[PDB]
Protein chains: 2
Amino acid sequence: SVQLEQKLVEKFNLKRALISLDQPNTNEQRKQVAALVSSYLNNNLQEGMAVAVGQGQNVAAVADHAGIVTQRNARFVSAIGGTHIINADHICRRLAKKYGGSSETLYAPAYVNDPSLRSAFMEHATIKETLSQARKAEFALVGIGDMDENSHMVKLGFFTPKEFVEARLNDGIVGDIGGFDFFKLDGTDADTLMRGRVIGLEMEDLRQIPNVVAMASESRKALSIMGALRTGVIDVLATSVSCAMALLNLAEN
Amino acid sequence: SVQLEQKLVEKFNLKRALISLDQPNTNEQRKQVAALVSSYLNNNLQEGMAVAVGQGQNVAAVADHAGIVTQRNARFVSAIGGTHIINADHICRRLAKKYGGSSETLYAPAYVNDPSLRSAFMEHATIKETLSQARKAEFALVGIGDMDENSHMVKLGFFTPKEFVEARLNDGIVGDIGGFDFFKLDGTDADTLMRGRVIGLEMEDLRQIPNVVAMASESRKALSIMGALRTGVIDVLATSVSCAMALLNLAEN
């Protein structure tokens with residue numbers, strides 16, 4: 001697994017690769033991946049630094065990991081709006097409690113049904129200020145999701161099932177990062193209608209955050225993880241042995 | 001001071017009046033008023049009940065009061081959006097920590113520069129859900145502010161100084177409750193441009209919350225407190241001996 005880390009770092013231009021042994025199910029896998037990320041943050045997140053935090057189960061596992069961490073006054077800033085899916089805001093609050101710092105809420109919903117409503121929220125001074133804080137963070141903590149993980153935008157009524165299938169088929173979206181931006185298998189940003197329905201950071205923000213820590217546990221989602229690595233924004237990849245093997249195979253071939 | 005409580009209850013149709021002795025300055029007064037409210041909530045807020053929470057220094061003092069309270073699983077729900085002024089969201093988080101429950105964020109800013117932007121946020125499913133939770137709360141914890149306490153809407157650029165003076169002079173606004181609604185000295189809701197710039201609950205919501213706890217410490221703000229009492233929405237008034245004397249004098253005369 002340490003040999004795997006070196007190959008991943010070399011192959012994908014990472015700062016680090018944190019690889020957990022394969023577990024019996026996805027819950028257990030997320031916990032073990034989250035353990036390595038928790039320790040990484042414990043050692044690296046200094047007082048006065050900030051983390052831009054995305055949403056969902058991979059990220060939530062880091063907040064829920066019950067390991068020992070030193071207390072420091074760090075900030076946890078939502079990188080995506082709230083939901084009425086584990087909310088980035090809730091995760092930041094749990095992280096602040098765990099690591100001994102503070103959290104900073106993005107006062108806007110995660111999803112809207114129209115890019116004009118998106119624009120209206122995004123131009124608002126209160127929303128812009130928090131997004132600027134997240135853009136200026138030293139770290140980002142994000143999950144890599146597959147299209148099926150985003151299906152809640154549809155089930156919540158913000159995007160049609162027809163539009164959703166078309167994002168995949170017409171626009172070639174194979175995954176999301178942090179919940180807030182979407183990519184193709186080749187790592188390019190696809191103009192997709194999807195992102196017009198989300199309030200949060202974008203891919204270019206992640207490209208300029210020094211330490212983007214991205215997390216995925218499921219090897220069946222290796223295409224999404226590959227797409228995400230191809231965007232070039234990831235600095236620390238935390239994942240399982242099988243995912244690592246899959247990525248190296250896909251890259252070699 | 002106990003005699004004062006009985007007269008206030010009778011005169012203003014309250015459930016309770018919590019009266020603190022006069023203090024040397026407003027900070028100390030807010031602390032002592034907040035002590036009585038903290039104890040009231042300790043005894044009355046049951047597991048599974050909720051509090052709709054407004055913004056500002058009077059309310060924040062209750063969260064910051066360092067008394068002993070029993071832990072119970074109550075909810076603290078923001079009744080007004082966030083600010084980039086002590087935010088209702090921050091207060092709810094501190095209350096949840098203190099009383100041992102949870103908090104529920106309103107994912108929208110407190111202020112907007114245009115009632116059309118207000119309407120767009122207010123119609124959004126995520127915002128409507130939280131506002132419905134706050135409307136259905138057993139308690140509300142709100143401060144009674146004077147126009148000068150709201151001047152931040154102006155300083156933050158959401159409302160012009162000219163509009164602000166006109167809200168007072170043309171529309172007769174003498175105070176706010178919770179940060180989110182405004183009233184005249186006679187207790188009627190004034191159609192004012194001000195409320196078109198705020199996202200949160202309104203006076204009619206407070207009228208149907210069973211236990212509206214309203215807090216003010218400054219006797220120089222007695223006109224605002226009088227206006228607020230005249231709206232009829234207040235169930236528990238927490239304030240100082242001098243404010244109580246002022247209110248009884250104003251009512252008698």
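Readers should treat all values here as calculations from the given coordinates under stated rules, not as data from a laboratory. As a convention, Cβ positions derive from the backbone with ideal geometry for all residues, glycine included, and neighbour counts pool all protein chains shown.
When the range A:104-120 is filtered for residues that are assigned to a loop (DSSP other than H, G, I, E, B) and not charged (D, E, K, R), the ones remaining, listed by number, are A:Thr105, A:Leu106, A:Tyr107, A:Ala108, A:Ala110, A:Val112, A:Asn113. You will find that of A:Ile199, A:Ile173, the residue that is β-branched (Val, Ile, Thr) and either within 14 Å of another protein chain (Cβ to nearest Cβ) or under 21 Å from A:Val236 (Cβ atoms) (or both) is A:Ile199 and no other. Scanning the range B:220-253 for residues that are more than 21 Å from B:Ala35 (Cβ to Cβ) and among the hydroxyl-bearing types (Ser, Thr, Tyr) yields B:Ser224, B:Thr231. Across the range A:41-63, the qualifying residues are those that are away from every other protein chain (no Cβ under 14 Å) and under 19 Å from A:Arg195 (Cα atoms), and the one among them that is nearest to the chain's Cα centre (by Cα) is A:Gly54. Return yes when B:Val142 is crowded, with 20+ Cβ neighbours inside 10 Å, more than 14 Å from chain A (Cβ to nearest Cβ) and over 14 Å from B:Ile80 (Cα atoms) and no when it is not. Judged against the criteria, B:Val142 is not a match.
Restricting the range B:167-205 to residues that are closer than 24 Å to A:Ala108 by Cα and among the aliphatic types (A, V, I, L, M) leaves a set whose member that is surrounded by the fewest Cβ atoms within 10 Å (Cβ to Cβ) is B:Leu193. Screening B:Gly101, B:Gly56 for residues that are on the phi > 0 side of the Ramachandran plot and of a type outside the set (S, T, N, Q) leaves exactly one candidate, B:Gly56. Pull up the range A:225-253, narrow it to residues that are under 12 Å from the mean Cα position of the chain (by Cα) and of a type in the set (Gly, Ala, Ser), then point me to the one that is nearest to A:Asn58 (Cα to Cα). So the residue we want is A:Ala238.
Could you say which residue among A:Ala34, A:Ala66 is under 16 Å from the mean Cα position of the chain (by Cα) and of a type outside the set (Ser, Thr, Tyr)?
A:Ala34
When restricted to residues that are surrounded by 18 or more Cβ atoms within 10 Å (Cβ to Cβ) and more than 11 Å from chain A (Cβ to nearest Cβ), the range B:107-117 contains 0.
To keep it simple, each residue is scored yes or no on (1) more than 10 Å from every other protein chain (Cβ to nearest Cβ); (2) among the hydrophobic types (A, V, I, L, M, F, W, C).
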residue: B:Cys92; (1), (2): yes, yes
residue: B:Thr105; (1), (2): no, no
residue: B:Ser119; (1), (2): yes, no
residue: B:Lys128; (1), (2): no, no
residue: B:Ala134; (1), (2): yes, yes
residue: B:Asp146; (1), (2): yes, no
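Return the residues of the range B:67-89 that are at the interface with chain A (Cβ under 9 Å from one of its Cβ atoms) and part of a helix (DSSP H, G or I); say none if nothing qualifies. Residue satisfying the conditions is B:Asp89 alone. Is it true that some residue in the range A:222-231 is in a strand (DSSP E or B) and of a type outside the set (A, V, I, L, M, F, W, C)? No, the range A:222-231 contains no residue that is in a strand (DSSP E or B) and of a type outside the set (A, V, I, L, M, F, W, C).
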